[PDB]
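Worksheet: one structure, shown below.
Protein chains: 4
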Amino acid sequence: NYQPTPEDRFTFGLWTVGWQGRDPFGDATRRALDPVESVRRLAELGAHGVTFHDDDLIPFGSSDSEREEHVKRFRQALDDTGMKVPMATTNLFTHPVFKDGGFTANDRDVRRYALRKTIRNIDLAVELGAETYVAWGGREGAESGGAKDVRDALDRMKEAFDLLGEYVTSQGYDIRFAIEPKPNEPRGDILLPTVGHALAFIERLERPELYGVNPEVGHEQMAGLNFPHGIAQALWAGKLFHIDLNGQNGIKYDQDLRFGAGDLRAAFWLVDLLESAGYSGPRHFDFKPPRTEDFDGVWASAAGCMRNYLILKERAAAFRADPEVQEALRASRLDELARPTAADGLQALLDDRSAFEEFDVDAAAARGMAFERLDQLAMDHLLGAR
Amino acid sequence: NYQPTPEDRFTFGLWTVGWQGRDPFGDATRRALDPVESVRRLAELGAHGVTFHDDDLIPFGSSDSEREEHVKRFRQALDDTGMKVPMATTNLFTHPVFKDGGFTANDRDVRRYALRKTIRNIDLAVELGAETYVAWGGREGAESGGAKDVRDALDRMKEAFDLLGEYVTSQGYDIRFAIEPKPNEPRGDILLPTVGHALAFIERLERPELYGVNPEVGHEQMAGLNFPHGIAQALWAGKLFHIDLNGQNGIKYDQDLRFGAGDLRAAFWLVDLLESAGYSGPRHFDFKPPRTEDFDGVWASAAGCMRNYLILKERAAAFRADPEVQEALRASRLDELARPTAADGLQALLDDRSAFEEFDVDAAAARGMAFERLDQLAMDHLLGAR
Amino acid sequence: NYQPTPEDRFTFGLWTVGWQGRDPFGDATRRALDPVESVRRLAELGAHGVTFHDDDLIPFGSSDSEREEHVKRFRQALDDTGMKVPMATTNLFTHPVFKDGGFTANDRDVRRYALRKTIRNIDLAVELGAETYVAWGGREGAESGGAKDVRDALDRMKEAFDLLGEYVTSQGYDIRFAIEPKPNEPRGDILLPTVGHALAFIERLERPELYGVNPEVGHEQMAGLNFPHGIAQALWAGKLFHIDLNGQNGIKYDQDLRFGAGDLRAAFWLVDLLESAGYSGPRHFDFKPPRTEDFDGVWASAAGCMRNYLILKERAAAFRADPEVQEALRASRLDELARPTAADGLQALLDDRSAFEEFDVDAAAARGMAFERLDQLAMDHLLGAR
Amino acid sequence: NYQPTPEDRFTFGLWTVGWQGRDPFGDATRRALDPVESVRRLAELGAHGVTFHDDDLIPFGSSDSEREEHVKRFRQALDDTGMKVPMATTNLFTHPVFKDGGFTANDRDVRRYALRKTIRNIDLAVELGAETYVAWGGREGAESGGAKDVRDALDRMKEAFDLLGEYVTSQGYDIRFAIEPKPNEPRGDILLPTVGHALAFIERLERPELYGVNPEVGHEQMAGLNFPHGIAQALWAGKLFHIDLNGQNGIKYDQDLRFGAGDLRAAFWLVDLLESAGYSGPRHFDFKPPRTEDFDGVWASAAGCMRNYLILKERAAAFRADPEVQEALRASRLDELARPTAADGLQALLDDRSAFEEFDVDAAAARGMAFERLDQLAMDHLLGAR
Ligand SMILES: [Mg+2]
Ligand SMILES: [Mg+2]
Ligand SMILES: [Mg+2]
Ligand SMILES: [Mg+2]
Ligand SMILES: [Mg+2]
Ligand SMILES: [Mg+2]
Ligand SMILES: [Mg+2]
Ligand SMILES: [Mg+2]
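Line by line, the protein sequences are chains A, B, C and D.
If you use the entry's author numbering, the first sequence corresponds to residues 2 to 387, in order.
If you use the entry's author numbering, the second sequence corresponds to residues 2 to 387, in order.
If you use the entry's author numbering, the third sequence corresponds to residues 2 to 387, in order.
If you use the entry's author numbering, the fourth sequence corresponds to residues 2 to 387, in order.
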């Protein structure tokens with residue numbers, strides 16, 4: 002009954018189940034979790050693996066000696082459990098030095114420091130077997146218009162990613178980068194605020210093939226955008242390297258609810274798309290168990306993430322396999338959308354009088370699209386009423 | 002006192018001052034304007050030129066004979082007034098045949114018709130001297146998730162733009178295309194919903210150099226995004242071919258208020274950017290005089306568009322020229338943002354112990370950014386309190 | 002299998018299935034429906050009744066003679082089908098004379114006309130058996146700040162509702178009024194924009210017992226508000242006289258999707274509340290079949306409204322009846338929320354040292370609320386995974 | 002030049018200039034301020050007074066002995082500077098015990114504790130001379146639908162406010178309560194989310210005359226609502242007891258920018274309303290100097306709050322005094338909005354054939370409202386172009 006196994010490739014950040022519940026108006030409600038005990042509990046729940054920021058694993062300020070001991074203990078828990086580490090990332094947002102950004106801070110010495118801190122963790126990520134390195138530029142942005150010349154900031158952002166790409170290629174590392182967009186919070190506006198802006202930026206990097214996106218459900222919904230549409234555009238471009246799954250109720254602060262909460266129908270269409278496009282990367286949950294919960298609620302919330310994915314996967318598969326839905330898709334001409342508009346070419350199109358001079362515009366306009374019947378079949382499948 | 006002249010390059014759509022005031026809940030409050038009388042009145046107000054959809058100028062269904070007579074009359078008013086036509090576009094949204102889109106309609110015959118209707122107007126646009134051809138895909142999108150496979154739709158959208166690019170290059174026309182994004186309305190979600198998504202899509206076209214964006218103030222604000230930031234990214238990419246100026250009060254239906262209404266501080270930062278980057282295209286107003294107004298209010302609203310641009314231009318220029326602001330910009334290290342992070346290169350950065358091992362992270366963190374003083378100087382300039 | 006009957010009290014506006022599909026950017030895609038044929042088709046689908054604006058039933062400008070003939074034909078279709086008319090309302094928004102409002106128009110003669118037009122329809126509503134008269138002040142509001150002094154406008158709004166209350170009481174009519182809030186569209190901001198503002202306003206009317214609210218799902222969601230919470234406050238105040246059911250995807254133009262579309266989990270919690278509070282008024286659908294659809298899609302969309310209500314009713318009932326959920330509700334102390342904080346009174350509370358001096362604040366803080374387990378049981382019930 | 006004096010009644014929370022800059026993603030960037038040094042610095046800037054939560058002034062957990070010493074030191078700084086304390090409030094949101102609310106927590110013992118903690122601070126507030134006691138129920142709400150039965154929660158909220166009203170009346174205190182609404186953050190949805198919901202709730206309390214609202218600019222804008230309209234409704238009801246002034250850029254997390262930032266035109270219309278209605282309470286700034294700033298930026302930001310209020314006051318006064326604006330207001334019939342619709346009474350209205358049978362609906366509809374000219378005069382005044 003909807004039991005996950007490591008083959009489902011569900012992964013969790015250390016910072017998710019480990020969130021202590023500090024919010025802008027309140028103190029922590031839970032004690033800190035040892036990363037080793039998070040790895041063990043997640044493995045018992047059926048997770049495939051974990052992800053980390055450098056500072057989740059190695060306390061900021063650690064000596065190289067304490068650093069080695071933190072990595073060894075972590076490594077041992079991975080060996081004991083069979084858990085993988087498919088992704089890692091850098092914390093360039095918590096320490097006060099990053100208050101105006103890391104890669105795009107106005108102070109040049111901070112930008113250099115941000116790069117060195119990142120490169121140090123790329124080495125560790127490769128040693129732990131990560132295939133994707135995520136960058137979330139949470140402090141890159143501004144609260145006021147004169148504080149940041151955005152063209153100069155984009156030059157500095159390109160410079161930083163180009164240097165990271167030079168570093169990995171000169172070291173011979175098999176790791177790719179994924180940029181995680183977010184429109185706002187904690188800065189008033191964040192640079193590269195949506196999937197689209199990140200995809201466009203990547204095309205100006207020196208080695209674009211090294212870079213993709215790590216979209217997050219709740220972040221695109223903070224701009225009121227359709228998250229499955231944005232994922233479709235990222236798949237179309239060949240750039241969906243990783244994904245952050247969670248829930249969000251509309252345009253407000255980043256809630257990071259468990260996956261399936263928030264916009265449930267969008268979650269259904271997302272799962273339908275990922276499974277039908279054969280996305281084979283990790284199903285990563287970037288979520289926060291609400292601070293109302295004790296540790297039992299933390300693990301219940303994490304389990305719910307995986308459960309809801311598997312229920313939606315079953316419902317989406319039943320939807321696509323239903324002969325009545327396949328009939329309705331043809332009734333709505335989804336088959337015709339997949340056929341070229343003009344494989345006969347420009348000149349044939351220009352000479353084709355059925356395309357314009359003799360086109361019966363009133364008869365075409367009268368044809369219903371039958372989209373409402375199709376959408377009710379999708380609702381019936383989602384609710385198990387079929 | 003803030004008087005426009007044709008050298009300011011202010012342009013207006015025929016559909017703007019000509020909007021009759023039909024909204025989803027109400028009938029027209031104004032009679033239709035003859036395009037010839039709009040051209041004359043706009044020239045008296047100091048406009049540089051006008052833009053049109055095919056169907057604003059030539060009533061849908063016109064015979065080639067009536068078509069010639071409509072163009073001749075229009076041509077004569079342009080000659081009489083000195084007005085230019087820098088941009089034109091196609092109406093692929095009003096007629097019922099476009100109810101599921103033009104370029105991405107599920108029905109293949111509608112997509113072919115949409116292309117032929119577009120190509121016919123490109124010829125007319127070139128004959129009238131337009132340099133930019135805008136495409137706003139207002140019906141390309143969906144209200145429900147199963148109605149549109151977005152990857153197939155993006156294939157059809159790329160196919161259509163590629164064919165248009167083949168057409169203009171084979172005819173030898175000097176015209177470029179600009180895609181106008183909008184996140185929603187009239188479809189539940191529109192494809193290419195923001196500047197970012199449009200910029201990313203262009204990079205997958207066969208001849209990307211022919212295509213740029215035509216962002217609109219209110220459209221990016223319907224997603225809660227920072228419009229000057231989005232324009233900065235479009236300028237950074239070399240893709241700001243045209244711009245639609247208006248006002249919008251937040252995330253709601255597309256209001257198309259006169260420019261300067263809505264988010265006034267964003268209008269100030271937009272003008273500052275366009276003038277400081279030397280944008281030399283038309284300052285185009287895509288706005289709707291509210292349906293409360295009679296014809297005197299229509300022309301007052303149009304005049305207000307231009308007036309507010311010129312006032313903000315003066316205030317932004319005074320801001321940038323003020324020695325006290327230039328001092329504050331250095332206090333906030335805007336000069337350092339413009340300098341390379343690591344022109345010394347990767348290996349020098351890796352060897353530079355001042356970048357990491359000996360970097361004083363507490364001293365850097367203690368430095369204030371002085372952004373609030375800078376932003377109050379900007380407020381004082383905007384309000385004329387300096 | 003989820004078949005409606007007239008005992009479910011599902012009702013529809015004539016303007017819903019009769020929407021021709023004109024939107025701000027496009028012409029009608031469907032022909033006009035005769036009200037008699039809407040009544041017949043809705044009765045076949047299992048509806049209980051229909052509602053109308055005056056101008057849906059009697060074309061604006063009709064002579065008293067044509068008016069009688071329109072009502073007679075309508076009356077005959079009601080008799081033929083058994084359909085009821087539980088609610089009626091006035092169109093004070095379509096005609097250009099209402100461009101600045103009806104009850105709060107700046108012109109006094111328009112306000113008087115608006116009142117006479119309303120009173121004429123109240124008489125007709127009573128004759129057809131309506132129990133509720135709805136007022137949606139769609140044009141009451143402003144696009145700019147100086148156009149409307151809101152205190153004077155609220156005086157005029159109170160004056161109008163007070164006069165309507167004097168009219169019904171002096172005629173001896175058994176009808177109550179319900180105000181339908183909406184935050185914006187078609188005006189930039191609409192007066193009384195949410196359930197809360199309408200409830201507060203009612204308390205200042207001369208006979209508050211005659212007035213309640215008619216909230217609409219999509220309207221409160223256009224302000225990002227939680228619609229079941231707002232309904233709970235209206236029930237708490239005793240003011241939920243009627244309700245408009247539909248769907249909305251977030252903060253954007255008013256979509257009026259079929260009920261169950263949009264925010265599905267909010268629809269589940271709404272149905273749970275209405276059924277558990279014993280709301281006994283009509284389940285009214287104020288929705289628009291998308292303009293992509295032909296007439297077959299119109300009736301499919303209407304049928305889907307009722308179907309989704311009945312599926313959610315079944316799932317909510319199963320949720321509340323599940324012993325495991327009843328256990329979880331006690332685990333989360335919902336039982337304790339229903340018990341008085343201090344039935345012992347103020348002085349006892351002040352003397353109770355267990356409430357403060359000896360209260361163990363760390364032990365209380367450590368208690369988890371178990372809300373995530375409860376919410377996953379609700380998800381499992383909604384999806385039929387229980 | 003826009004210099005504040007204590008007669009302008011500008012006040013600040015201790016928690017505003019004292020915000021250390023901890024946000025959900027980052028550590029504090031500033032050291033803690035001693036309340037005594039905040040009082041001194043604010044008095045030098047021209048403030049009238051300060052406000053406090055209990056826990057800003059007395060560290061949570063203090064013994065009665067340390068409590069007396071904290072109050073004495075504070076009292077001495079007030080005497081030294083002449084600063085007043087017009088408002089106080091309770092912190093019912095930071096400590097983990099309040100994670101599910103204070104007055105509406107599901108656990109009954111927490112609700113009792115919340116009341117005792119509040120009553121203790123009401124005594125202190127009265128002793129320091131406060132006239133208004135604010136309640137912001139920041140934790141009253143829910144992230145999921147089953148966690149909170151909102152009708153029971155509103156019963157508990159009414160019970161708590163009724164008890165507080167019984168307490169102040171039995172002690173003979175001259176203090177009134179003001180409820181501060183907020184739609185969300187830190188809870189997913191907060192109870193009483195807007196001005197309207199709070200006004201409606203007050204009317205169900207046992208002694209409604211003791212309770213009003215404390216609206217905050219940014220909070221109503223987090224729901225996309227028009228803040229001057231909401232203030233107008235609160236003034237109309239006689240309930241504007243206090244106000245929180247700040248800035249917000251649209252629908253996102255609560256930014257608490259300095260007043261004048263965010264929506265500048267809304268700030269202008271707010272000041273116009275407060276000054277023209279003769280609001281005589283404190284002008285209170287609930288704002289957070291951004292965490293980019295050091296202490297010099299903190300005081301610059303605070304000074305900017307007051308400066309922008311005084312500039313807008315001057316511009317609004319010039320607008321209303323301008324004969325050309327007074328003419329335009331009559332052109333737009335603002336004078337007619339202020340006149341009764343039907344002071345002649347219902348029967349006269351029903352007999353008045355000029356109101357309906359002989360009303361010329363086409364001639365009334367043709368009249369323009371001249372709102373765009375009026376709004377451009379308002380823009381010219383705001384920008385100092387008049
Ligand atoms: Mg997030
Ligand atoms: Mg994430
Ligand atoms: Mg627009
Ligand atoms: Mg436009
Ligand atoms: Mg609606
Ligand atoms: Mg409605
Ligand atoms: Mg706030
Ligand atoms: Mg506040």
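We put the CB at the ideal spot given by N, CA and C, even for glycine.
{"Check": "I need the straight-line Cα distance from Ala-235 (chain D) to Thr-195 (chain C), nearest angstrom please.", "Outcome": "14 Å"}
{"Check": "Find the nearest neighbour of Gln-222 (chain D) within the set D:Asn-247, D:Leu-313, D:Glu-207, D:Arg-321, judged by alpha-carbon distance.", "Outcome": "D:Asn-247"}
{"Check": "Can you name the residues of chain A whose CB is closer than 9 Å to the CB of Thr-17 (chain C)?", "Outcome": "Under the 9 Å cutoff, chain A gives no residues; its nearest Cβ is about 13 Å from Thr-17 (chain C)."}
{"Check": "Let's see if you can read the secondary structure: which residues bound the beta strand (DSSP E) around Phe-202 (chain D)?", "Outcome": "Run containing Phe-202 (chain D): none in the beta strand (DSSP E); it sits in the alpha helix (DSSP H), 196–203."}
{"Check": "Report the residues of the stretch 170–189 of chain B with a CB closer than 8 Å to any CB of chain D, ordered along the chain.", "Outcome": "none"}
{"Check": "Going by DSSP in three states, residue 466 (chain B) sits in which element: helix, strand or coil?", "Outcome": "Since the first residue of chain B shown is 2 and the last is 387, residue 466 (chain B) is not available in this structure."}
{"Check": "Buried or exposed: which applies to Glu-141 (chain B), given that a residue is buried once 16 or more other Cβ atoms fall within 10 Å of its Cβ?", "Outcome": "buried"}
{"Check": "At a cut-off of 8 Å, is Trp-16 (chain B) close to ligand 8 when judged by its beta-carbon and the heavy atoms of the ligand?", "Outcome": "no"}
{"Check": "Could you tell me which chain C residues have their CB closer than 9 Å to the CB of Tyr-114 (chain B), listed as they occur along the chain?", "Outcome": "Within chain C, no residue comes near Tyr-114 (chain B); the closest Cβ sits about 16 Å away, beyond 9 Å."}
{"Check": "If you measure beta-carbon to beta-carbon, which residues of the stretch 12–46 of chain B are closer than 8 Å to chain D?", "Outcome": "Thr-30"}
{"Check": "Would you say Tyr-254 (chain B) reaches chain C, if we count a Cβ-Cβ gap shorter than 9 Å as a contact?", "Outcome": "yes"}
{"Check": "Hey, is the stretch 57–74 of chain B in contact with the stretch 147–158 of chain B, meaning 3+ C-beta pairs nearer than 8 Å?", "Outcome": "no"}
{"Check": "Run through the DSSP bridge pairs and tell me what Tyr-212 (chain C) is partnered with.", "Outcome": "C:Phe-178"}
{"Check": "Can you pull the chain D neighbours of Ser-63 (chain C), defined as C-beta to C-beta under 8 Å?", "Outcome": "Ordered by position in chain D, no residue passes the 8 Å Cβ test against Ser-63 (chain C), which lies about 13 Å from the chain."}
{"Check": "What three-state label does DSSP hand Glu-217 (chain C) in the structure shown?", "Outcome": "strand"}
{"Check": "At least one CB of chain F closer than 9 Å to the CB of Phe-286 (chain A): is that the case?", "Outcome": "Protein chains A, B, C and D are contained in the structure displayed, whereas chain F is not."}
{"Check": "Are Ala-48 (chain C) and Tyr-3 (chain A) close, meaning C-beta to C-beta below 9 Å?", "Outcome": "no"}
{"Check": "Tell me, which residues are paired with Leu-241 (chain C) by DSSP?", "Outcome": "C:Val-214"}
{"Check": "Can you pull the chain D residues whose beta carbon is under 7 Å from the beta carbon of residue 418 (chain A), in chain order?", "Outcome": "Residue 418 (chain A) falls outside the range modelled here, since chain A spans only 2 to 387, and no answer is possible."}
{"Check": "Does the stretch 162–170 of chain B come close enough to the stretch 202–219 of chain B that 3 or more CB-CB pairs lie under 8 Å?", "Outcome": "yes"}
{"Check": "Work out the CA separation of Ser-277 (chain D) and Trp-270 (chain D) for me, nearest whole Å.", "Outcome": "10 Å"}
{"Check": "Which word fits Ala-33 (chain D), buried or exposed, when buried means at least 16 other C-beta atoms lie within 10 angstroms of its C-beta?", "Outcome": "exposed"}
{"Check": "Can you check whether the CB of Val-86 (chain B) is closer than 9 Å to the CB of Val-37 (chain B)?", "Outcome": "no"}
{"Check": "To which residues of the same chain is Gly-22 (chain C) closer than 6 Å at the C-beta, ignoring the five residues directly before and after it?", "Outcome": "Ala-29, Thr-30, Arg-31, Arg-292"}
{"Check": "Determine, using beta carbons only, whether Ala-319 (chain D) comes closer than 9 Å to chain B.", "Outcome": "no"}
{"Check": "Less than 9 Å between the beta carbons of residue 450 (chain B) and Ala-366 (chain A), yes or no?", "Outcome": "With chain B running from 2 to 387 in the structure shown, residue 450 (chain B) is simply not present."}
{"Check": "Does the stretch 80–94 of chain C come into contact with the stretch 122–138 of chain C, if we say contact requires no fewer than three beta-carbon pairs (one atom in each stretch) closer than 8 Å?", "Outcome": "yes"}
{"Check": "Would you check if there are 3 or more beta carbon pairs closer than 8 Å linking the stretch 315–329 of chain C to the stretch 253–268 of chain C?", "Outcome": "no"}
{"Check": "Terminal residues of the continuous beta strand (DSSP E) containing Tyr-3 (chain A)?", "Outcome": "No beta strand (DSSP E) contains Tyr-3 (chain A), which DSSP labels as neither H nor E."}
{"Check": "Contact criterion: CB-CB distance below 9 Å. Does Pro-291 (chain B) meet it with respect to chain C?", "Outcome": "yes"}
{"Check": "Would you please state the rounded distance, in angstroms, between the beta carbons of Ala-179 (chain B) and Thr-105 (chain B)? I believe it to be under 8 Å.", "Outcome": "About 18 Å separates the two Cβ atoms, so there is no contact after all."}
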